[PDB]
Protein chains: 4
Amino acid sequence: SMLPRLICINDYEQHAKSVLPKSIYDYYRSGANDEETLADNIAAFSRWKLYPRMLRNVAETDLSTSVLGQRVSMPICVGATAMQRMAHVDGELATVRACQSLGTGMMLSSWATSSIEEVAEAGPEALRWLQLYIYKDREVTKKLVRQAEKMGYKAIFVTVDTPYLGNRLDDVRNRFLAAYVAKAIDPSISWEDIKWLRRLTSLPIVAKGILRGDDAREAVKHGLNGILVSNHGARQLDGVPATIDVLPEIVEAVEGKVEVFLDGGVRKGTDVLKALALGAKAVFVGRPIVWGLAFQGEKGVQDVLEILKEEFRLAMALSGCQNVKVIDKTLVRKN
Amino acid sequence: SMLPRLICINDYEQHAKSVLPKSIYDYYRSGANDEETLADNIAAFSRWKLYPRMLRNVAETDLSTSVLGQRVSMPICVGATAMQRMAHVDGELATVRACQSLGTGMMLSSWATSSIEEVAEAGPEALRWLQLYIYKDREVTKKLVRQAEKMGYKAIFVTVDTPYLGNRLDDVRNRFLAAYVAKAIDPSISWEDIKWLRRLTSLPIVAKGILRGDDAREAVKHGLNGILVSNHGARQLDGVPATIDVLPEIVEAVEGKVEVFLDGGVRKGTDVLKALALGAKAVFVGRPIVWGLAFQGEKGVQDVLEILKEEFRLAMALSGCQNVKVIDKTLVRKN
Amino acid sequence: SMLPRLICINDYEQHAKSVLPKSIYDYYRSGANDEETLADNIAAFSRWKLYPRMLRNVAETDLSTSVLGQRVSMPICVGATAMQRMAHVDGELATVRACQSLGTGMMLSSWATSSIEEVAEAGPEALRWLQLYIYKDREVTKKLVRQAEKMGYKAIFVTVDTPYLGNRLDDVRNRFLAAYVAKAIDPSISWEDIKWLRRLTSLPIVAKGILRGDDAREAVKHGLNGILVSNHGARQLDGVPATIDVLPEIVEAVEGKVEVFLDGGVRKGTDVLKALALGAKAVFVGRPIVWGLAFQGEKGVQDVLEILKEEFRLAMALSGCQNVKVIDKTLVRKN
Amino acid sequence: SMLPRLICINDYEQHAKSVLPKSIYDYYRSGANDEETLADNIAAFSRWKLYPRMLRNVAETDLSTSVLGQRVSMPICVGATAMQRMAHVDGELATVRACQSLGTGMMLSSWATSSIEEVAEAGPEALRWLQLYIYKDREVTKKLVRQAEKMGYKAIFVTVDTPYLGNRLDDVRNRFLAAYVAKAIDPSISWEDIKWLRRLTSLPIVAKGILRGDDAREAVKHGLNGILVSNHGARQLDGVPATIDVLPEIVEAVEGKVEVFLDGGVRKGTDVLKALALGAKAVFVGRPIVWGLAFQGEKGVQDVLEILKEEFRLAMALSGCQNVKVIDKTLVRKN
Ligand SMILES: Cc1cc2nc3c(=O)[nH]c(=O)nc-3n(C[C@H](O)[C@H](O)[C@H](O)COP(=O)(O)O)c2cc1C
Ligand SMILES: Cc1cc2nc3c(=O)[nH]c(=O)nc-3n(C[C@H](O)[C@H](O)[C@H](O)COP(=O)(O)O)c2cc1C
Ligand SMILES: Cc1cc2nc3c(=O)[nH]c(=O)nc-3n(C[C@H](O)[C@H](O)[C@H](O)COP(=O)(O)O)c2cc1C
Ligand SMILES: Cc1cc2nc3c(=O)[nH]c(=O)nc-3n(C[C@H](O)[C@H](O)[C@H](O)COP(=O)(O)O)c2cc1C
Ligand SMILES: CCCCCCCCCCCCSc1[nH]nnc1C(=O)O
Ligand SMILES: CCCCCCCCCCCCSc1[nH]nnc1C(=O)O
Ligand SMILES: CCCCCCCCCCCCSc1[nH]nnc1C(=O)O
Ligand SMILES: CCCCCCCCCCCCSc1[nH]nnc1C(=O)O
């Protein structure tokens, strides 16, 4: 295969560090402040131990599932990551092409270096969603939703954990965004604006960035269709729990009323299994996709997605699960 | 800005290590004995995880609060640190000037390299308090209180955790204070002397150095106006808990009868948020102020205070808090 | 003695790393994926603390016990490890000869580089068992059992945790087995095939690879004679618990109906004591045997087994135990 | 003072490593096997946190206490360490002279490089006890007790955790004792031999090496006068708990019927405070005494003892304790 030989997600990061300008690599890697939550997003997955069932017959595995009523090849989807064209010339076009190939969904950043329309045209058969920021300018906010609707996108992920940008130390050091966001994004965002957004579109809406059970229930009350349990990849408020650690309480709080997803520190097939065992319908990957792009554009993303798929297929088979329906809560226990 | 580029409190320490004579840097940095509590003052903050509320509207933040009935710009104040003129020529004059600029309070060491009067004259509009040791000589002890009263200081912080000085290994190695304190400070100090001090002055009095809930309640009983939960920056008895870990029990013990403050290991805006979520009215910083002074005197202190302010403003906004009144206990949970 | 001087199991590994080609050493050492469980198999033993009884009279120790009704010199036996002829020319013949000398049992891999018959002929007086994989080809599966029966083997250990091979990163890097196993081993294996196997042979059957209490009880229900609590030396599903940590729950689940064994991270006499105190009849060693072989073939295996025996004899005597019958559960408590 | 400048117990060890032949340093330093308990004897003290009382009046401290009815200057005494003449020419004579100077007790090894009589003559006013092994030869065992009685020793510490010597890896590597002990010490030792010993002498008898509450109570039943909670400095059975962690359960089990002491990992004044807060009458130091000897014979031991005394005096004063009677259990809580 392609050289150098990369066989797990960490290899992709290690490769990306070797080829990317420091300030770009740093921008992608960084967490907020002392990066306590960034270390924890990963370490937390390790604390959840797996309890595999044997002798279940795993000759045939079917990794397919559904996200907000749309079928996907696997419970592993591409999360929004700004400015993908810094990692590769093809940026978000490469990403959507790979998602089309794999049969999974792509969440498009509002801060994409490719337009809603262009992404639809590169991947017309891909499952596509828009990640939306509520800008101070509600007119452009509305325009984005309408372009998403018109261009055949299938949900809006409204990010609710970024009234201001987090403080990522390397970005400041590298004189690299916090000021631009403060100029553009509306920090006044409340549940009122979520009601506005719910009236504006009939598309499925997911609140991205929920970490509390009470906010989750509030999301349900406002007719939202899903919760993405996210600490924004540990890039916003540092010292928040790992997403894997809060997921079960969010899942409990929501009472099956709404689909619950996770992102933050997914690197391996076992991370995927553990999230699903805890009640997540699907997970999203942020950084691994950028590492994929940095390695080989479309094929790199495809590689990263296929590593995650097959790692997940194996962990599923080793744990006695033929498909996602048979993943249950007795599969996991925290140490 | 000023070079080298320092953007968080740790940078200031790293700079101070590079420019200060070893024995001075060491004197400032050191904890007691094996520095177990010194590591814990910091590590403990990391264990307390934040549970941010989303969609609260944080377009306007007001960090102002009040300490012992006096208004301050932020719940972040300067704690007493002896011999500031070793870090910078302007020492405590630079410090009070910065506190005046920021609108926060300065706690003046009894072991200041500037007099009560001089500090009042450098920062006549600054909120100023005296940190008092009860010397064997009660006449000078009384003189200090009377000078503080006459010079427009607004409280006495009586330090109660230093009957003798702790054993800081580097100070001994560097042949650098323990003997001088044993000659000067009265180890016979009991609750009787606190009753004396309470009769001596009508100024607000805070017991600094309380780590036990029973002592806290005893402080309330003696008509004291506040508790500063402090292990003296881990420089007295090593192996005492981190201040953040004992705060909630002190807060509980006191039953809202008296204001409770914290110092010890505050380095970040999130440390400030976490202390307030646990019931502290305000925090004090010791070392970061000395690092500030070592970098650029007044402006350095101002920089350190402004880093803490804005870090705190951000952590507040990211956690859904517009002001300090809405900080509550559901914001935190220990891991 | 023989040089270099090796006096504990870790020395043997350190020696084997120095003399074996990297890809062979790596093949032997590796765990699955990030090797979380591989670190835990060992670290977990360290968390279980010993509570030795004094003054019991340990002048005479008898380490003998019985496995599936057959007497052994010690509760320490050789687990199946594929392709031993990579470590030494004599491979499995050297291993069985050493087991014969020591009076303990050898578990023979289905993937041995020596035949069932040859191993019987090298060690005709050795206690010998067959580790069986259920191949897609049930005819060869049956042939192996029949050769084991005919050649005087005394049990079948059916491995139930390998429907597919785990992903061992170094093997992939070194272009070293996963594909060959997927071609050969039947992933469709269920409890039905265990019923088949139970009808096929009157030999004692042990399910190897059980990690769950419910599977353990299911094993009992199917007339199996033992459980080998195993995570396949952390080489299958990564993130499963250490075997020492799940043993007590398996032991409880089984209600003394069946003998329970452990493998995974046994390196020391105290590991052996701790497993027995938790309810294991006997332990199996995988890697230490390969390290032994790499050092000096038969004598190396003999050395490793004798280190384990005597380490175990000492830990037994120091803990007040004259024989295995007096090992009890009050001997251990987890920290 | 004397050079190099050593100001805490760790400095003494660091000095001893620099001047002692490796095999001698190693012999002294080593724990058993992987030295898990050796690390834990120390780390465990760190987990017990101190809760100092303020404002108690600590102008006068009295560190004096009593051990088995005999007064000592401090609750810090010298434990038995074999072959002290390897660290210094004066060996046990230097040690007893220092104990005489300080007014504390010396526990003399049965494996001393100085005789019972000679030690009595070097330190005729020192508080002296004999550490006794029950040799296979009961005639010499009895002779030692009778010489101790005749020479004015005031207790027998019978070591009950060494039926065989532990396996200390460096000793084996360095070809350095296990065989000699197996030839000399009786592994058949039971409670019967303790009854024998109790009939043999009217001297106070302490069982040294108890780690279990049931053995402790058995010790009480046999008319023993004290328990020394000891894991033999982590040199016997590895993986036993730290002595500080089991002390409170031993203390509880004994119901104040008998005095309870601790050794194992005492390096600091706070270690002493923490042991007493948990119920120990006194602690014993092993290794620090050998480090003292290696530095400067008698004066070195004196220095180490005085460091421990004054460290303890300070920790006592900082925690609000004027004497040992006022040390209580609310002073400590495990983290
Ligand atoms: C380089 C980068 C850029 C990101 N840009 C966005 C964005 O534009 N919009 C958004 O909602 N989240 C953004 N996020 C957060 C991700 O959507 C997601 O929550 C996070 O990457 C998932 O964690 P993981 O990277 O550890 O997979 C970004 C994250 C990274 C790492
Ligand atoms: C260099 C230094 C000097 C100090 N001098 C005093 C003092 O004179 N009086 C006093 O009450 N506390 C003194 N303290 C303790 C501080 O008031 C405070 O409790 C501690 O610095 C806060 O912890 P932090 O440094 O980790 O912020 C000193 C602390 C340091 C680090
Ligand atoms: C190099 C190696 C080869 C192995 N081959 C087999 C095998 O052929 N069949 C099997 O059931 N288990 C196999 N195992 C797993 C072992 O039977 C056993 O569960 C594991 O080695 C015990 O753990 P330890 O190595 O840490 O002792 C193998 C393990 C290793 C390390
Ligand atoms: C070098 C050395 C020699 C020892 N020799 C004896 C001995 O002869 N008899 C005995 O009962 N204990 C012996 N011990 C154990 C000590 O009495 C004691 O339990 C241990 O040293 C205390 O732990 P610490 O060294 O960490 O202080 C020895 C310990 C060491 C470190
Ligand atoms: C091709 C024209 C450029 C399109 C506009 C892109 C501007 C993006 C600058 C603002 C920085 C966003 S960084 C961000 N937003 N949300 N999450 C993140 C993150 O870095 O985690
Ligand atoms: C300008 C004339 C000098 C004024 C007197 C200063 C003497 C200070 C020497 C005593 C050392 C105090 S160090 C201290 N006190 N309290 N806390 C500390 C600390 O180092 O934490
Ligand atoms: C002498 C002729 C060769 C006999 C057939 C040996 C083929 C073995 C190749 C398959 C790789 C097995 S590796 C394995 N199986 N079970 N556990 C393991 C392991 O590596 O843990
Ligand atoms: C001057 C003549 C020599 C007197 C006899 C000394 C012999 C000692 C050799 C046996 C080794 C004892 S080491 C030991 N015993 N108990 N605890 C220990 C230890 O090393 O912890």
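These residue numbers are counts, starting from 1, taken along the chain as shown.
This entry, so its header tells us, was determined using X-ray crystallography, 2.0 Å.
Quick reminder: no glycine exception, Cβ is built from N, Cα and C everywhere.
Listed features, source Swiss-Prot:
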ACT_SITE  A:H232  active site, proton acceptor
BINDING   A:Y27, A:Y133, A:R168, A:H232, A:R235  glyoxylate binding site
BINDING   A:80-82, A:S109, A:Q131, A:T159, A:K208, A:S230, A:263-267, A:286-287  FMN binding site
MOD_RES   A:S202  phosphoserine
Taking only the recorded positions A:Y27, A:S202, A:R235, A:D263, A:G265, A:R267, which have a CB closer than 6 angstroms to any atom that belongs to ligand 5?
A:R235
Between the Cα atoms of A:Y27 (glyoxylate binding site) and A:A82 (FMN binding site), find the distance and write it as a whole number of Å.
10
Count of other CB atoms lying within 10 Å of the CB belonging to A:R287 (FMN binding site):
22
Could you check which of the recorded positions A:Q131, A:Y133, A:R168, A:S202, A:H232, A:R267 have their CB within less than 6 A of ligand 1?
A:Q131, A:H232
For the deposited coordinates, which leave 29 residues unmodelled after A:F176 and before A:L177, what is the C-alpha to C-alpha distance in angstrom?
7
Can you tell which of A:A80, A:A82 has the most other C-beta atoms within 10 Å, given these are the binding-site residues?
A:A80
Can you figure out which of A:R168, A:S202, A:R235 (the recorded positions) comes closest in space to A:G265 (FMN binding site), comparing Cα atoms?
A:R235
Using only C-alpha positions, which one of A:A80, A:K208, A:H232, A:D263 is spatially nearest the residue listed as 'phosphoserine'? These are the recorded positions in the record.
A:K208
Could you check which of the recorded positions A:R168, A:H232, A:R235 is the closest Cα neighbour of A:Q131 (FMN binding site)?
A:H232
Integer Å value for the Cα distance linking A:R287 (FMN binding site) with A:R235 (glyoxylate binding site) is 12
Within 10 Å of the Cβ of A:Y133 (glyoxylate binding site), how many other Cβ atoms can you find? Include all protein chains, please.
21
Sort the recorded positions A:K208, A:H232, A:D263, A:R267 by C-alpha distance from A:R168 (glyoxylate binding site) and give me just the closest.
A:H232
Per DSSP, to which secondary structure element type does A:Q131 (FMN binding site) belong, with helix, strand and coil as the options?
strand
